[PDB]
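The lines below spell out each chain.
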Amino acid sequence: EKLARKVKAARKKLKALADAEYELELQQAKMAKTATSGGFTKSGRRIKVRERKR
Amino acid sequence: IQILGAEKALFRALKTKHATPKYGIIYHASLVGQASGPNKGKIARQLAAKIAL
Amino acid sequence: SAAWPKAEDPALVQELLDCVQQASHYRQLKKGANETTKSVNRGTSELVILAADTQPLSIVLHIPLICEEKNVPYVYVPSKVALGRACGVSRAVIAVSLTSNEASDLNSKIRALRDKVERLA
Amino acid sequence: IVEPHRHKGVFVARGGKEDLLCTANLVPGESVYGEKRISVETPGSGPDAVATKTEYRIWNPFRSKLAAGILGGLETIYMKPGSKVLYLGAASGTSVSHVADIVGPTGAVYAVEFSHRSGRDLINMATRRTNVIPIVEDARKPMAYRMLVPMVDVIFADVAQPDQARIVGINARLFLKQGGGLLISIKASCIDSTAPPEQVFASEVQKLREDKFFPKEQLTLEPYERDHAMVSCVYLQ
Amino acid sequence: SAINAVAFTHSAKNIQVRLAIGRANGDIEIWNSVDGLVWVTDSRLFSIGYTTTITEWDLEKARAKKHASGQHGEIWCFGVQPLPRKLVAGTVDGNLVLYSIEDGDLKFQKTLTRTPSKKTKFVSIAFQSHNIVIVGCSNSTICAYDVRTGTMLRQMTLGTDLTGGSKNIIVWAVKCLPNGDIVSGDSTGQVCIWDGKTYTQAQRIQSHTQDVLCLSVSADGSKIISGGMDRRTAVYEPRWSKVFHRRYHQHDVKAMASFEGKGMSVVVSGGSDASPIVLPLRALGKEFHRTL
Amino acid sequence: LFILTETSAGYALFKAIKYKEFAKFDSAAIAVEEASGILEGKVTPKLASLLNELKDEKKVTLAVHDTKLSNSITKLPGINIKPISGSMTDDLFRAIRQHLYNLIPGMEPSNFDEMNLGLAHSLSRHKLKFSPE
Amino acid sequence: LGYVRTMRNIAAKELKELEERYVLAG
Amino acid sequence: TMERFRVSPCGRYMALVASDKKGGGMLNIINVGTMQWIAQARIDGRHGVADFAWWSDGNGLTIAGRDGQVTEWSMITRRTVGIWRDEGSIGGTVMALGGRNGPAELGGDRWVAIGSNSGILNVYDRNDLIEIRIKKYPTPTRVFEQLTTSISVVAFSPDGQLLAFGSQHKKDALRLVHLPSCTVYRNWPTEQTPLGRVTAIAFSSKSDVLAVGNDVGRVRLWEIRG
RNA sequence: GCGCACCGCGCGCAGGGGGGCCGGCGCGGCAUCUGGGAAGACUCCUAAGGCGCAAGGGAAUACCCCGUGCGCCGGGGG
């Protein structure tokens, strides 16, 4: 049970850091120098820029 | 391969939210010593890319 | 040659590059050999494509090692230009890695795609 | 503390909150790939309290299919101190070091590998230990090292090949004794990736069986691996 | 009771030529549940039922000599190579499986390649040349391969099923030419000759109403004999056209086999009316014959 | 009934069923050039000297397990021998690879496995030389 | 993002080792 | 449908995109003197034919599919001359063709431009498809990478000196290219050239008037002097 | 096969080996049909405006709301 609960808590720590790094990569898309796709707006719509990086 | 040799300043910066080091062992090559200014960190980047290659 | 997981031009390459483009629109895409290498070494990678049109292919031969270590599927498409505008980069992308999250239809497409890559290897 | 395991030369080290499968270190003081290990001296030296001689490398079922089978509940492993083992698919000599720790000084491990780099690490480990031979050849060509391998008692087989039963077939038809040991790790995703793994395992058993082995038991390595089987069989008897 | 495979020993003295039939009980019968059978000459016959075993058949013993098998799944086609030998056997799972016919032994040799889609079940093969293969698919695609390298040449994709209901064109029979082109007898009644240098189609002859299950060419590349899921066979002549179509048969026609030797150039057809029926090649010459 | 069998000890010939004669060598670099000699089955003074007769030719037949070695020593005019291959019967070869222990009092009551391991050095390390780094 | 990447590296190593020891205990 | 048709420059024939795919695409060729189907031009791909072009002699076609396969089809033999691939096309959207002194066995027209979903227009000299053996992997004379969104229009001036291409997903997404030199003109258009979201363009018969029609329904005209 | 009626059947139960292979459940394909998602850039892209980041103010104080500095796209005109 003790190593079970340490497995559970360590998985929760790693999923917290994974969702946090994913949020920061999405804000690199949302805070980009030109219009990139990725992330949701606060309407609920998602940002899908169908362009290319020229 | 840019940051080889500067891991104390590098994980100090990354764990402390600060400026990461621009170069490591690479600085005493014949080229990033030839450049100066912002060309130092810039040619540190591109020399490190060409040297991984 | 050293491209023993060579993807076939009858639409497996096309489904690879299409899933590259959709992961590029979902921002799940690490582009280029160095950032691919970082994603495989950090273990975020769910699948990885390389390009066999590399002019010296030794400069991408290093990631099948660490992909065999991390046990992630890799497969080669025969054009770095097709991979490059499959990403949407305006340059030639030589090797691409594409990760996943907890819940996405993209993650389902990664699952079926490396099922096909497992049918190759 | 360390007590013996049911097998010959395999040890089990019971601690307060855990247990650890371990072998006896053939070359003491040296870990091969950076593993935990155990030192202890013979008694009469409680006044000394210094461990010098006895040493026990801790053996990992995540880095070794054979430790995954011994913790998987295998009846026999066919290898004992004094055996001759033909190891197939010997990457870096890690499990070859544990087999060499089982068969010991009087035994002989005949390590075969195709790759040159794992050849080099295998020559490092096999330069440290004197019961293992290094053979860097193709396992699909046993007549290359027919001048190197005598009739062995056991064949261990860990190759990721689609023609695994044919490779082990011709290797046993040249090098394995009348009534020989065979212990194969099988990856169902490596033989047939679109078939169910029980059917892949049963089909590989049938290919050994028409290859004139005799399957004794099968166990799947599945708290430690996925879709891996360990088949224990015996050649011609 | 029904026919599922016909094959002649040769197709070109007292040279022992024989005819090998496969009867849907599982039987095999030779004139002067099994699913396929071929000969090999350089002469022995190989058969498959629905299971994955591909078995030889010794004739003077009349017993199933030298079974072969494998991992993958149900063999639905196989065929032997010409000369400038092995077998190629395509299955349900999208594998095509090479068997070795090294001098006397039938071995599970090698699986070269496999389609990425598991929903591509192969149906038939024919050999465009020595070292390169033409395979029909359960989708609209028929597909070429090379066995020197195993590689996957051009998908030769048919259309959709226009006439109603289904989408997929299930290609039931594929044959080849001495010219270098290949006939594909698909579903939905049609046949289509595909070009051979560029692997594209050149003519799409619509004759039958229901799916052509079998067809076979002349040995000189002159007459094409189709046979369908209707009661109907039809002949074709030079790029091409049909001449006529008579319901020789009573159920669907399931298997053709042609022979052009000994002054007796006949083509034999069998289906599910339990009645093998023999035709000439000179179809304006005289009448036909049937045997049960 | 001539044969030609090659264990790691040396060469042999069993014309009289039971062990009859041998051809021994040990501890050299030409000792791994034995393996370079049978790498295709080329000329070898131990092989041809073991097969050298003097009277005439009246039985020219011999059994090697691999036909590459058999037809390789077919061409050799030092005996005028033209042998055939051993017709896939591993009773003899297997029975003498497990009957090396009563073979070694004929030639070498010793431990040749040490220079066999040196032969593994100049074979596997010869392949590390074959990838010259 | 550099800080979150380094903390995820350390936590991923800790989960590999601790899960390995967990399945060694059961 | 009947919407996706073309008529040959000699006026004899008229190809219609047959609107059924399931992994391929065919062109049904119509005799306009009778308006009767005479031939069919199936190629293989995923979503069928993207866009095609009659040879300027009228003797055959060249068909841009939707995987990057481009078929140089022949009307006289009613068979494919050869199939060749675009440089890295994912989809491939449009296609034009034209010029003089090209391969007379490929219709005599010199340049071909093929546009993709990535907004890249590849321009090939058709004299460098011959090595009839078509080069399976040729190289474009020039990659045009200026526009960022999916190329929707492409046209040559009928004297074979201009290539106007563009998109209808950005406002001034119309570029203009000199041939044979393959250079984009940099002074037209400007910020302040009224184009709108360009849905259609057309060169005149003398290659001296350009017409641009947009997403709101207004044609504008530009004379070209040279 | 033991105990219960040695003036009886059957019963409380230990469980061998196969059967009717009846139905459910599990896993595998399944030409289609049905639903959902993704989806083509002609399509849909919420409107002539919207989105993001950082600050400011107010709360149903988990949510949410309002209009300053930086940017990103868009409509119109051109």
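Here, the structure is the one placed above.
Residues numbered from 1 in each chain as written, not as in the entry; some residues may be left out. Chains lettered and ligands numbered in written order. Part of a larger assembly, values for the part shown. Heavy atoms only, no water. Residues with missing side-chain atoms left out of burial classes, pairs and counts.

(A) Up close: the nonpolar core. Residues and elements named next belong to chain D. Residues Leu86, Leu88, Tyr145, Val149, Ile155, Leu182 and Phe213 are the most contacted members of the largest nonpolar core, which totals 40 residues. In terms of residue count, the dominant contributor to this core is helix α4 (residues 164-175) (five residues). The residues touching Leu182, leaving out its near neighbours within four places in the chain, are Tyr78, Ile155, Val168, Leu208, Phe213, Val231, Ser232 and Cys233. In terms of nonpolar packing, the next biggest core, distinct from the first, is built from 32 residues, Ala67, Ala90, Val96 and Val109 among them. (Core = buried A, V, L, I, M, F, W, Y, C linked by side-chain atoms within 4.5 Å. Buried < 20%, exposed > 50% of the residue type's maximum accessible area, 1.4 Å probe, protein only. Helix = DSSP H or I, 4+ residues; strand = E, 2+ residues; numbered from the N terminus. Contact = heavy atoms within 4.5 Å.)

(B) Just the arrangement of the chains, in detail. Ranking by contact count across 13 pairs of chains in contact places chains D and F at the top. Across the gap from chain B to chain E, with no contact made, the nearest C-alpha atoms are 31 Å apart. These two, chain E and chain F, are apart from each other, with no contact and a minimum C-alpha gap of 14 Å.

(C) Here's a closer look at the pairing of strand β11 (residues 94-98) of chain H. Residue and element names in this part refer to chain H. The element β11 is extensively covered by neighbouring structure, given that five of its five residues are classed as buried. In β11, alternate side chains face the same way, and those of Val94, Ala96 and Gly98 on one face and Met95 and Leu97 on the other are all buried. Relative to strand β12 (residues 111-115), β11 is paired through five bridges, and the arrangement is antiparallel. When the bridges of β12 are listed, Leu97 appears paired with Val112. (Pairing = 2+ DSSP bridges.)

(D) Main features of the sheet that holds strand β5 (residues 54-58) of chain D. Residue and element names in this part refer to chain D. Across the sheet, five strands lie side by side as β1-β2-β3-β5-β4; this open sheet has antiparallel pairing. Each end of this open sheet is capped by a strand with a single partner; those strands are β1 (2-4) and β4 (37-40). Strand after strand, the sheet turns through a mean of 35° between neighbouring axes, direction not considered. The pairing of strand β2 (residues 10-14) with strand β3 (residues 19-24) spans five bridges and is antiparallel. The partner of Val12 across the bridge, within β3, is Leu21. (Axes fitted to C-alpha atoms, helices over the stretch in contact; angles between N-to-C directions.)

Such coordinate-based values are descriptive only and should not be taken to indicate function.
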